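Enquirer: Have a look at this one.
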Amino acid sequence: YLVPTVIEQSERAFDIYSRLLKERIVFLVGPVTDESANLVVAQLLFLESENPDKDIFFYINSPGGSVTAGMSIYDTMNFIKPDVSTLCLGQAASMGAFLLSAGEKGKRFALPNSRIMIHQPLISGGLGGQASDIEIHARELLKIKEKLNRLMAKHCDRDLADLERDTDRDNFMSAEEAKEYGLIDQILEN
Amino acid sequence: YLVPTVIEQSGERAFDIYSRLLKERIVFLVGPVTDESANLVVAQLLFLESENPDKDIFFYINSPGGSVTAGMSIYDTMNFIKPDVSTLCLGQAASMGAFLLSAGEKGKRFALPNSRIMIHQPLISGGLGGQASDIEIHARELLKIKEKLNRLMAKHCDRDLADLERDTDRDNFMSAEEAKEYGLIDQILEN
Amino acid sequence: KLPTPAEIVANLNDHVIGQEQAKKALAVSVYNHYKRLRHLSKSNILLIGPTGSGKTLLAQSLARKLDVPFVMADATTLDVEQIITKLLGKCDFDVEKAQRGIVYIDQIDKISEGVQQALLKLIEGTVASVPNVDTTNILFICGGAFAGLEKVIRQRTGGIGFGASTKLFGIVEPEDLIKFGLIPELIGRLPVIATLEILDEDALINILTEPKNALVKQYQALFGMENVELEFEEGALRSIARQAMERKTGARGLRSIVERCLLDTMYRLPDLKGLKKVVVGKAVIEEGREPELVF
Amino acid sequence: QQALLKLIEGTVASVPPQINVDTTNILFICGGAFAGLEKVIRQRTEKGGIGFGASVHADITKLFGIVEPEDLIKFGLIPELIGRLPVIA
Amino acid sequence: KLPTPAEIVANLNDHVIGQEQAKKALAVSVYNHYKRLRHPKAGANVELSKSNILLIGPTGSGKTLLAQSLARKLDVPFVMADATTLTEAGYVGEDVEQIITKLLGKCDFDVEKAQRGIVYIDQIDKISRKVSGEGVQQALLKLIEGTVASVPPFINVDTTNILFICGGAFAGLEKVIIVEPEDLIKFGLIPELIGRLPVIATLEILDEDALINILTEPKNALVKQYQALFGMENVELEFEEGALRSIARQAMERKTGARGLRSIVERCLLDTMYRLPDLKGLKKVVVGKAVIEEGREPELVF
Ligand SMILES: Nc1ncnc2c1ncn2[C@@H]1O[C@H](COP(=O)(O)OP(=O)(O)O)[C@@H](O)[C@H]1O
Ligand SMILES: Nc1ncnc2c1ncn2[C@@H]1O[C@H](COP(=O)(O)OP(=O)(O)O)[C@@H](O)[C@H]1O
């Protein structure tokens, strides 16, 4: 894709995403990968430096992705001093929903027709080799499953038992249902 | 991916966001460890030593592993250069990524709270085809590497070689707390 | 005699609220200056701090304590020798006091080269000629709101990437003042650096009610020029203290606010009859509310 | 502006005859159309930006209604003159 | 008569500890430049032209101090210029003729002294080619050598006989390289200006030992200054060798150098100067190693 160039008056020419980063807007678009997650981390670290007190706006339009990659974002969001406000555009599914719910409480937003989906993790990696290796990877996946449900339950102010039921199979929610659930705080209109 | 551009105030200088963080002595190892990704880390480590031999270098690791020889080029560069190399685990540090994490300066090895650290014996360092004589040679070289990695890991962790030999037999996944107790990291960051 | 630094701060305390570190730093630099004059370079002083922190008063209070004439000066009104004209007027042109007096130069941070060099002409001992004063033995107190000096220091001491960053003003070095835009030669004559913190909302209540020229007393006099008593509620004094603090003007903002909140009653006061007391509640400071009018 | 300071505060003027005039008790009303002042005030008070929740943009009456000495200094009047004009209408 | 270069250096030794090679270069150039001025000007006598100095050295090494310490020995007018305030003739900034205006002002317009004075021009390294850069070098060409400046109080000032010491922190010059014009040209100076500064004098970078000597050896050394202030109260001030080593190390590690030696001394002595006149019976104040290095108080000896 051709990324448009915009001019900032101060003139400085930016690509439109660097221009929005100047306004403390970080985009997570598409699958969460090591590379796309590390750019989010680099941007979050950079923005904390520019101004530790101002909010960071983390716009999420993502079907999910790697758990470890999403956790690098998650821990960076929680570590850095400035509040990270999260907004769901289009969809926030799987780790995208996790990172959406991970925004600063009171500053988690969704657009009216966005779709939010939460579910237990799938393969975090293949389970081949010997039954001993398969046992190890099955145990690691269960620990991740419990960790994600526990952190989700914390984000949503719900019981761990509720997240265990609700993430058993793909649980699709409207912005209103996500607000009632506790994944987001507000729904934007204008 | 499009790498954002950021402006440094000094006049102004425009950087890509990774060059901007290198200016702050932050070196990233993201994804598999390859000859090319390892040599960039080495080039950055060498460059940062020249800029300031005394200041710490911050080596952020989010890697599933990779080549042993490529990881060893980083490892020897970390140990050689004068400035301490602090290591931080983001997301995961597995295989050679865990090795390089544990290779950070003692007292300056960090992990984020929900990071995952995995240690294991090496797999194929190269295929074992050809004649039984060639297979014997490559099997012997792999065993020497296996022993070298366990020995260096045991040194990093202040553990016995016998402990690393048990614990690296099969993929050993650890939370940041377990890695701290094991001796792979020194501290866990929160805020 | 020459009061010791302990005696000098003992009475600086009667005029300046807070800024304990700046007061002892000043008490020593002034003692050394006037002890030197009773006898190898001299040492002037720079005051770094926010607007409304008391830099000017601290300089004035000192001159009173040391029994010397005091002249007010401003770096941004640059001609510099007319500060000596003023200093002489303060001592009836007896140069023996003017040549040992104190000059306070405000807004030094705003001229951060021609003006700085003119200031240096007087600070480096010269002879001013006004309608002859040897400035060698004049003590100069310079200061200003070096807000950008915080950035000069942050640039060198957490850091970007896992990092949080008068805490930094306390470690100002001549190099930081140079990076800020001041001329090294002017800095070299102002070796003592002292810092003043911003007053909080409790200190500003003492500004309102304790000094001989306190604002509450001024406006009580105004109402007292009629047969009317004026009284302020504690809450009123707290809300006005915050309002001034929220403009980052410190003590300065208190005057504008007292005038603001009372004007709506001061224009009625000449027509109201039988009125004995006007009470300023916190409601008067905060909203379009009338004070309690006691008839 | 510098020449006026001594006139706005107390001095003694010397003026031609039909005379030493004490200016201490003369009241001064100053004024003008600070045309660029609305821009100064917006630069200080309007927190505009790009994104959700950013202020998006004039109400000149509101702007002049919130003028503070800081704006007049940025506009271009010397602090010594502003500090001697305490009442802004 | 004149001081011989040896006497000029002896005076420089009482103010600058270090930079020996530049001391020779400055002492000889001045001695000769004031022998040229005193040479008879008549008949067939050869006209003696001057030799200007380009003084190259690190920031904070003592370039200015040498120039001032030197001027004070001759009783000549002396000014310091900053090459980065200068601009091209048609632009906002200072003209190169403002250097002469200052030199002339320092002597109350006595051109017979201004025209025989010394000018130190700093920040030559900052007007390189890589209105504010090359244009300034070009404007200076005809000021360094002989021209008649039109100077307001207009005064006609012949700069032919003015000695110029120009210098700067040419850090990029160590990278380019024993400085030769080839290196200065690659740095970014124009050959026309290089050829007018025939003598190159160089300063060494200060180390920790130099900082210690700066604390105690010079005529106006810091330790001597404060010993005098304590002397006003009949109290002796003593520094342990560890304290002087600690002051110097801190100034070095904090990357301030000699400029920061006053800050450290003033801080450690502040809590004694505050009490000193009231501490009757006190005879000596000792600043030990720990007092400088750690959060410790000076030792009071009664
Ligand atoms: N620390 C302080 N202690 C006492 N009074 C103060 C202090 N800071 C400011 N003030 C008050 O501010 C009023 C106006 O003085 P001003 O010249 O504005 O001070 P500054 O130099 O801080 O601008 C004075 O009446 C003075 O009493
Ligand atoms: N050899 C020295 N002896 C005494 N003081 C020195 C010496 N070298 C540097 N200094 C100190 O450094 C300060 C700045 O000197 P200067 O030569 O102007 O630095 P620069 O040349 O980088 O501007 C002076 O105040 C002086 O006290």
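Enquirer: Any idea which of C:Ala25, C:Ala73 is small (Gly, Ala, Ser), within 18 Å of the chain's Cα centre (by Cα), away from ligand 1 (no atom under 12 Å from the Cβ) and within 11 Å of chain E (Cβ to nearest Cβ)?
Expert: C:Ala25 is the lone residue from the list that is small (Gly, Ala, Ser), within 18 Å of the chain's Cα centre (by Cα), away from ligand 1 (no atom under 12 Å from the Cβ) and within 11 Å of chain E (Cβ to nearest Cβ).
Enquirer: Is it the case that region C:119-129 has a residue that's surrounded by fewer than 21 Cβ atoms within 10 Å (Cβ to Cβ), part of a helix (DSSP H, G or I) and within 14 Å of chain E (Cβ to nearest Cβ)?
Expert: Checked region C:119-129: at least one residue is surrounded by fewer than 21 Cβ atoms within 10 Å (Cβ to Cβ), part of a helix (DSSP H, G or I) and within 14 Å of chain E (Cβ to nearest Cβ).
Enquirer: Looking only at residues in region C:207-224 that are in contact with a strand residue (DSSP E or B) (Cβ under 8 Å, 6 or more places away or on another chain) and over 14 Å from C:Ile17 (Cα atoms), which one is nearest to ligand 2 (Cβ to nearest atom)?
Expert: C:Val216
Enquirer: Could you list, in sequence order, the residues of region E:268-284 that are under 22 Å from C:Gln21 (Cα atoms) and either more than 33 Å from the chain's Cα centre (by Cα) or surrounded by fewer than 16 Cβ atoms within 10 Å (Cβ to Cβ) (or both)?
Expert: As a first pass, look at region E:268-284 and keep what is under 22 Å from C:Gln21 (Cα atoms): E:268-279.
Passing the criteria: E:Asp271, E:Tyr274, E:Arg275, E:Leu276, E:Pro277, E:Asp278, E:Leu279.
Enquirer: From the list B:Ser67, B:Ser95, B:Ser50, B:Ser63, which residue is surrounded by fewer than 20 Cβ atoms within 10 Å (Cβ to Cβ), of a type in the set (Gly, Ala, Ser) and in contact with a strand residue (DSSP E or B) (Cβ under 9 Å, 6 or more places away or on another chain)?
Expert: One residue alone meets the criteria, B:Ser67.
Enquirer: Counting only residues that are closer than 16 Å to E:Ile162 by Cβ and surrounded by fewer than 23 Cβ atoms within 10 Å (Cβ to Cβ), which one in region E:48-66 is farthest from ligand 2 (Cβ to nearest atom)?
Expert: E:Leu48
Enquirer: Quick one: which of C:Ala236, C:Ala221, C:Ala214 is in contact with a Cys (Cβ under 9 Å, 6 or more places away or on another chain) and not assigned by CATH to the domain that holds C:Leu122?
Expert: On the way: C:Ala221 fails: in contact with a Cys (Cβ under 9 Å, 6 or more places away or on another chain); C:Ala214 fails: in contact with a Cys (Cβ under 9 Å, 6 or more places away or on another chain).
Exactly one of C:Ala236, C:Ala221, C:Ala214 is in contact with a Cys (Cβ under 9 Å, 6 or more places away or on another chain) and not assigned by CATH to the domain that holds C:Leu122, namely C:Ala236.
Enquirer: Within region A:20-39, can one find any residue that is assigned to a helix (DSSP H, G or I), under 19 Å from D:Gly49 (Cβ atoms) and more than 14 Å from chain C (Cβ to nearest Cβ)? Reasoning before the result, please.
Expert: First, pick out the residues of region A:20-39 that are assigned to a helix (DSSP H, G or I): A:20-21, A:34-39.
Going one step further and asking which of them are under 19 Å from D:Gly49 (Cβ atoms), we end up with A:20-21.
The next check asks that each one be more than 14 Å from chain C (Cβ to nearest Cβ); those that pass are A:20-21.
Yes, some residue in region A:20-39 is assigned to a helix (DSSP H, G or I), under 19 Å from D:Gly49 (Cβ atoms) and more than 14 Å from chain C (Cβ to nearest Cβ).
Enquirer: Can you confirm whether region B:123-132 contains a residue that is surrounded by fewer than 24 Cβ atoms within 10 Å (Cβ to Cβ) and either charged (D, E, K, R) or in a strand (DSSP E or B) (or both)?
Expert: Initially, region B:123-132 is screened for residues surrounded by fewer than 24 Cβ atoms within 10 Å (Cβ to Cβ), giving B:123-132.
Then keep just the ones that are either charged (D, E, K, R) or in a strand (DSSP E or B) (or both); that gives none.
No, there is no match, as no residue in region B:123-132 is surrounded by fewer than 24 Cβ atoms within 10 Å (Cβ to Cβ) and either charged (D, E, K, R) or in a strand (DSSP E or B) (or both).
Enquirer: Sticking with this structure for a sec: Would you pick out the residues in region A:160-190 that are within 18 Å of A:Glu146 (Cα to Cα) and in a helix (DSSP H, G or I)?
Expert: A:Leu160, A:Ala161, A:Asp162, A:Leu163, A:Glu164, A:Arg165, A:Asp166
Enquirer: For C:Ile141, indicate whether it is touching a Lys or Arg at 6+ places or on another chain (Cβ under 9 Å), within 11 Å of another protein chain (Cβ to nearest Cβ) and more than 16 Å from ligand 2 (Cβ to nearest atom).
Expert: no
Enquirer: Further question: Check region A:105-125 and report whether any residue there is at negative phi and within 12 Å of chain B (Cβ to nearest Cβ). Give the derivation first.
Expert: The initial filter retains those residues of region A:105-125 that are at negative phi, namely A:105, A:107-124.
So of that shortlist, the ones also within 12 Å of chain B (Cβ to nearest Cβ) come out as A:124.
Within region A:105-125, one or more residues are at negative phi and within 12 Å of chain B (Cβ to nearest Cβ).
Enquirer: Another one. For region C:86-110, name all the residues that are within 14 Å of chain D (Cβ to nearest Cβ) and surrounded by 16 or more Cβ atoms within 10 Å (Cβ to Cβ).
Expert: Residues satisfying the conditions are C:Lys86, C:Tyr104, C:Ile105, C:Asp106, C:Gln107, C:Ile108, C:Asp109, C:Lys110.
Enquirer: Quick check, is C:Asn132 within 27 Å of E:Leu103 (Cβ to Cβ), away from ligand 2 (no atom under 16 Å from the Cβ) and out of contact with any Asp or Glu (no Cβ under 7 Å at 6 or more places or on another chain)?
Expert: yes
Enquirer: Before we move on, is E:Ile264 more than 16 Å from ligand 1 (Cβ to nearest atom), surrounded by 16 or more Cβ atoms within 10 Å (Cβ to Cβ) and more than 20 Å from C:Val28 (Cα to Cα)? Step through it out loud before you land on a result.
Expert: On the way: more than 16 Å from ligand 1 (Cβ to nearest atom): yes; surrounded by 16 or more Cβ atoms within 10 Å (Cβ to Cβ): yes; more than 20 Å from C:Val28 (Cα to Cα): no.
So E:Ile264 fails the test.
Enquirer: Can you tell me which residues in region C:143-168 are in a loop (DSSP other than H, G, I, E, B) and either within 16 Å of ligand 1 (Cβ to nearest atom) or buried (at least 17 other Cβ atoms within 10 Å of the Cβ) (or both)?
Expert: Listed by number, the residues that qualify are C:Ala145, C:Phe146, C:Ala147, C:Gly159, C:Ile160, C:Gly161, C:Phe162, C:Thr166, C:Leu168.
Enquirer: Just one of B:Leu90, B:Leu101 is within 14 Å of chain A (Cβ to nearest Cβ), in a strand (DSSP E or B) and within 24 Å of B:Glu177 (Cα to Cα); which is it?
Expert: Matching residue, one of B:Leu90, B:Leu101: B:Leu90.
Enquirer: Which members of region D:1-50 meet the condition of being closer than 18 Å to D:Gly83 by Cβ and surrounded by fewer than 10 Cβ atoms within 10 Å (Cβ to Cβ)?
Expert: Result: D:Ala3, D:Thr24, D:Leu27, D:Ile29, D:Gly31, D:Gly32.
Enquirer: Could you tell me which numbered condition C:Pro291 fails, if it satisfies all but one of (1) in contact with a strand residue (DSSP E or B) (Cβ under 6 Å, 6 or more places away or on another chain); (2) under 15 Å from C:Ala221 (Cα atoms)?
Expert: Unmet condition: (2).
Enquirer: Next question. Out of everything in region D:51-68 that is in contact with a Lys or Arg (Cβ under 8 Å, 6 or more places away or on another chain) and surrounded by 15 or more Cβ atoms within 10 Å (Cβ to Cβ), what residue ends up being farthest from C:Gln107 (Cα to Cα)?
Expert: D:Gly51
Enquirer: Tell me, which helices (runs of 4 or more DSSP H) lie completely within region E:1-83 with 1 or more residues that are aromatic (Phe, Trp, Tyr)?
Expert: Fully inside region E:1-83 and qualifying: E:20-36.
Enquirer: Going through region C:237-252 one residue at a time, which ones are crowded, with 22+ Cβ neighbours inside 10 Å and within 9 Å of chain D (Cβ to nearest Cβ)?
Expert: none
Enquirer: Go through region A:21-43 and give me each residue that's more than 12 Å from B:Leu2 (Cβ to Cβ) and of a type in the set (A, V, I, L, M).
Expert: Of everything in region A:21-43, those that are more than 12 Å from B:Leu2 (Cβ to Cβ) and of a type in the set (A, V, I, L, M) turn out to be A:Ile25, A:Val26, A:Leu28, A:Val32, A:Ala37, A:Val40, A:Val41, A:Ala42.
Enquirer: Taking only pairs six or more apart or across chains, which ones have beta-carbon atoms under 6 Å, a first residue in region C:35-57 that is within 11 Å of another protein chain (Cβ to nearest Cβ), and a second residue that is within 16 Å of ligand 2 (Cβ to nearest atom) and part of a loop (DSSP other than H, G, I, E, B)?
Expert: C:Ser43/C:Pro191
Enquirer: Right, something else. Select the helices (runs of 4 or more DSSP H) contained entirely in region E:170-229, then report the ones holding at least 3 residues which are under 28 Å from E:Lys50 (Cβ atoms) and of a type in the set (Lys, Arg). Before you say what the answer is, go through the steps one by one.
Expert: Numbers: elements: E:171-176, E:181-187, E:191-194, E:208-216.
Here the list is empty.
Basis: the model, the stated rules and, where named, an outside source; these are not laboratory values. Backbone-built Cβ (ideal geometry, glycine too); neighbour counts: all protein chains shown.
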